[PDB]
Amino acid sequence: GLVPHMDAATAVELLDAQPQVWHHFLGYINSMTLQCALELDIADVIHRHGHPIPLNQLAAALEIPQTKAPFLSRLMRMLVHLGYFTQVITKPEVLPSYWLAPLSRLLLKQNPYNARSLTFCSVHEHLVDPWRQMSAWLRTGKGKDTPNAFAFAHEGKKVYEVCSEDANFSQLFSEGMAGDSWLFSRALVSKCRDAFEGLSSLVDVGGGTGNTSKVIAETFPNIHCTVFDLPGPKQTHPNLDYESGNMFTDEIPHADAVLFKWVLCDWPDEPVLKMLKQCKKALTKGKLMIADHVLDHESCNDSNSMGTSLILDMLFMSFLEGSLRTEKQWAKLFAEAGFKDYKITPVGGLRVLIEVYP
């Protein structure tokens, strides 16, 4: 096309704003550099070394040729900035030596709460690729429509059907959820001890391999926990058992409390409401325990926290059928379901406990 006033001050201001936009559109660079660090097992190799490891020895351990060591050095500098590792220079005039920073605890294979599997599935082609059809999906009205962009880009298949076809992919989700449950459950029983006092039974809906219920049963020895979920080895405890079922179409086991941990956020209001109504009928009195996001809660309303919450809302919009609800949205569902009262107790990790009374 043919070649198309502004004072210097305006130009400089705009020039200085530009890197903010660059930072946004290059967001995937963070995803991919972290994924590399995991593929290369960097944190585990550094940890194994037992003390700071010089660049040349790190490259050798990672099977990176010395000719590529300068590129590894730059990758490490990025990862240091992200907060995973540290670097120092112990040789005078450059050879850096690398060690672990506290955030790397979440990367280590040896830790049952590591975020490796969740990272691999979150940056997987299956989850990233549908975004290239998001605008087209948003513009599709009611024959070629699908519940979400993911299905739009997967010949109409929801994530659950794709998981049934891709065992490796499926395994990443399962492992990622289990890892989060390991950590979240331990915070939950500490932060919300009062919510478990007086209970003799609890049903953990969508409880999978039982990481959440295991910790509940260990912490509160008088609570009989039942994991209720659809058909690796499950956690064992004398007060922990398992029942199979579909939470949407099958009757939920009876208990003093019904727990939904990071489950209701996956689904839209219509099936959630129907399910809550079933719970209300059943619990009449026990209570509903929802361990999930309250988007606008005071405990997670700082700018960084909100940023990550909204990123999750976008993620969920793309490949699930849910969202992060505000308190107002939660309260409306509870009222329409026939519940009378609720109480919110902060836990952490952008999430809270909601106790709901019928």
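So that there is no doubt, residue numbering starts at 1 and follows the sequence shown.
**Q** Of 19 to 27 and 335 to 343, which one has the bigger average CA B-factor?
**A** Mean B over CA atoms: larger for 335 to 343.
**Q** Between 95 to 103 and 274 to 282, which has the larger average Cα B-factor in the PDB entry?
**A** 274 to 282 has the higher mean C-alpha B-factor.
**Q** Per the entry's Cα B factor values, which of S164, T212, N148, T86 stands out as the maximum?
**A** Of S164, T212, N148, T86, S164 has the highest C-alpha B-factor.
**Q** Based on the PDB record, which member of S135, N114, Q171, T219 exhibits the highest Cα temperature factor?
**A** Across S135, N114, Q171, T219, the entry lists the biggest C-alpha B-factor for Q171.
**Q** Could you look up the Cα B-factor of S181 in the entry and say which third of the chain it sits in: lowest, middle or highest?
**A** Middle third by C-alpha B-factor.
**Q** Just say lowest, middle or highest third for the CA B-factor of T33 relative to the other modelled residues in its chain.
**A** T33: CA B-factor falls in the lowest third of its chain.
**Q** Ordered by C-alpha B-factor within the chain, which third holds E321? Give me lowest, middle or highest, please.
**A** According to the entry, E321 has a C-alpha B-factor in the chain's middle third.
**Q** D302: which third of its chain by C-alpha temperature factor?
**A** Top third by C-alpha B-factor.
**Q** Is the Cα B-factor recorded for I354 in the lowest, middle or highest third of its chain?
**A** Bottom third by C-alpha B-factor.
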